[PDB]
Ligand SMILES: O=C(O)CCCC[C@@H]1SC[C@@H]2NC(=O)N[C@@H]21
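This document starts with one chain, in the form deposited without the named molecule, laid out as structure tokens.
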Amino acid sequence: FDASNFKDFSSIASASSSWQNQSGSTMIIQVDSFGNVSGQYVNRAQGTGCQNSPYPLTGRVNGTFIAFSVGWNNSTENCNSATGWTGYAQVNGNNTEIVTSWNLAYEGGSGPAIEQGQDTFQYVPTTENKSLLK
């Protein structure tokens, strides 16, 4: 996968790809040839619960457009919320990024509320070792 020449999600379909946003959160995703997205999301956004453990992520792609969803209970920590992100991939400065808007639905002070924000994910190329033993 040439991240400097990403065309659409089929450039990255059929193998895993890793991503990191501006807040330190990471995700690893699988895009199949039918437009499905699976993956795992690790939240590290300052001030939030449910950090540093993987949460299942699902979604859908159409060309360069994507939408994906995370529920905030993985059996390690339950934050009783959900986030949906929607956006698109593009090549920016010889890497690829996914530009998104998100909604977080949660229990607020006076009842259920939806918080909005934006995340941009940068592609993270794999690192490689000879073997698992140092």
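Each residue number is its position in the shown sequence, starting from 1.
Omitted from view is the form deposited with the named molecule bound, to which the following refers.
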Which of 79, 29, 61, 98 has a heavy atom within 4.5 Å of the named molecule in the entry with it bound? 79
Whether residue 65 contacts the named molecule in the entry with it bound should be assessed with a 4.5 Å heavy atom distance threshold; does it? no
Using 4.5 Å between non-hydrogen atoms, is residue 90 touching the named molecule in the entry with it bound? no
Report yes if any heavy atom of residue 40 sits within 4.5 Å of a heavy atom of the named molecule in the entry with it bound; otherwise report no. no
4.5 angstroms heavy atom contact with the named molecule in the entry with it bound for residue 54: no
